[PDB]
Amino acid sequence: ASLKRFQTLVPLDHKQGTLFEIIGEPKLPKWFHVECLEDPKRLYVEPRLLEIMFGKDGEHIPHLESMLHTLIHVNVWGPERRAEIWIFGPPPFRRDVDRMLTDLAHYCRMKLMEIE
Amino acid sequence: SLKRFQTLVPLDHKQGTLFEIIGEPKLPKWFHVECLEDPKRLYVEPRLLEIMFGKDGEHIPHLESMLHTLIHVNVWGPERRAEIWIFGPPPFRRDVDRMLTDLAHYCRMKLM
Numbered sequence: 002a003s004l005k006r007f008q009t010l011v012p013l014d015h016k017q018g019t020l021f022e023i024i025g026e027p028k029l030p031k032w033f034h035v036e037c038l039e040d041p042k043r044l045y046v047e048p049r050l051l052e053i054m055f056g057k058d059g060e061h062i063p064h065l066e067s068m069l070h071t072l073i074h075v076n077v078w079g080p081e082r083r084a085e086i087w088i089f090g091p092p093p094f095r096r097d098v099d100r101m102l103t104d105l106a107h108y109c110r111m112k113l114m115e116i117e
Numbered sequence: 003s004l005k006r007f008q009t010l011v012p013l014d015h016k017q018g019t020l021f022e023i024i025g026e027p028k029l030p031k032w033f034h035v036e037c038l039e040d041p042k043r044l045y046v047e048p049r050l051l052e053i054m055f056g057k058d059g060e061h062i063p064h065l066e067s068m069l070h071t072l073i074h075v076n077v078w079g080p081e082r083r084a085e086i087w088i089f090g091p092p093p094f095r096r097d098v099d100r101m102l103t104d105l106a107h108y109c110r111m112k113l114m
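So the sequence lines, in the order shown, correspond to chains A and B.
Going left to right, the first sequence walks through residues 2 to 117 as the deposited numbering numbers them.
Going left to right, the second sequence walks through residues 3 to 114 as the deposited numbering numbers them.
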């Protein structure tokens, strides 16, 4: 990616496109299976939404990950480029977590335009 | 955290499964009053509530918007179980029920 680094239970390196790698030797969550690292789902969001959706430095992401049983990885670049939220787990899960994050994004977008 | 927690649609908990919307709030597009006819209840130690949901439940409106489910928190003594009430349905192979008990589990552990 490029770096703002967001919090998560398992920090990953975004190597290239679909390739992610676990950084160092973290204690993994009981529900997390290394195999899920193979096919993550990506969804785009504008960058300014990231900290509204996930809190400052993505501080609420470990809670969300615990609730969803999917890893969340955030890649962010310039203000002019779309951010990428990458989601990791069983495909039956990645689909509905995808709708949840889209629904959350819709909400945060409305609040953004109201708080201004 | 308080005795009333935050939410998109503040409710009065009348008795058991019976709730009522307080006043005339603008409702979320995804929400319909008939949702209140499908409550599910979960129990939790009161101590976990502010860990799970933020001070005074300040994160609940985000959670509700993610889940498309209203969350009502009834709390009593620090002794007895708090009730979490949800008016669904779920967006995952995992019941909103299961996602919230799992959140509580994580928060129980992190509380050590």
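Don't be surprised by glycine CBs; every beta carbon is placed ideally from N, CA and C.
Using the Cβ count rule (16 or more neighbours within 10 Å means buried), how would you classify residue i?
| i | result |
| --- | --- |
| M114 (chain B) | exposed |
| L4 (chain B) | exposed |
| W87 (chain A) | buried |
| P80 (chain A) | exposed |
| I62 (chain B) | buried |
| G18 (chain A) | exposed |
| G25 (chain B) | exposed |
What residues match up with residue i in a beta bridge as DSSP calls it?
| i | result |
| --- | --- |
| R96 (chain A) | Answer is none; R96 (chain A) lacks a bridge partner. |
| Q8 (chain B) | Looking at the DSSP assignment, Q8 (chain B) forms no beta bridge with any residue, so it has no partner. |
| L102 (chain A) | Note: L102 (chain A) sits in no beta bridge, so no partner. |
| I53 (chain A) | Note: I53 (chain A) sits in no beta bridge, so no partner. |
| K42 (chain B) | B:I88 |
| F21 (chain A) | A:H15 |
Whose C-alpha, out of the options, is nearest the C-alpha of residue i?
| i | options | result |
| --- | --- | --- |
| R110 (chain A) | A:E66, A:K42, A:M54 | A:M54 |
| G90 (chain B) | B:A84, B:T71, B:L105, B:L44 | B:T71 |
| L20 (chain B) | B:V98, B:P41, B:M101, B:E47 | B:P41 |
| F7 (chain A) | A:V77, A:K112, A:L102 | A:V77 |
| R100 (chain A) | B:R95, B:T103, B:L102 | B:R95 |
| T103 (chain A) | B:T103, B:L65, B:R82, B:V35 | B:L65 |
| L44 (chain A) | A:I116, A:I73, A:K57 | A:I73 |
| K112 (chain A) | A:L51, A:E60, A:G59, A:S67 | A:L51 |
| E39 (chain A) | A:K16, A:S67, A:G56 | A:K16 |
| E117 (chain A) | A:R49, A:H34, A:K28 | A:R49 |
| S67 (chain B) | B:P27, B:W32, B:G59 | B:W32 |
Give the C-beta separation of residue i and residue j to the nearest angstrom, bearing in mind that I take them to be a contact with Cβ-Cβ under 8 Å.
| i | j | result |
| --- | --- | --- |
| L69 (chain B) | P93 (chain B) | 6 Å |
| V98 (chain A) | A84 (chain A) | Not really, about 17 Å apart at Cβ, beyond 8 Å. |
| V46 (chain A) | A106 (chain A) | 5 Å |
| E22 (chain A) | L13 (chain A) | 6 Å |
For the ligand FMN, any of its heavy atoms closer than 7 Å to the Cβ of residue i?
| i | result |
| --- | --- |
| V11 (chain B) | This structure lacks the ligand FMN, and indeed carries no ligand of any kind. |
Pick out the complete beta strand (DSSP E) segments inside the stretch 55 to 98 of chain B, 3 residues or longer, and give them in chain order.
72 to 76, 84 to 89
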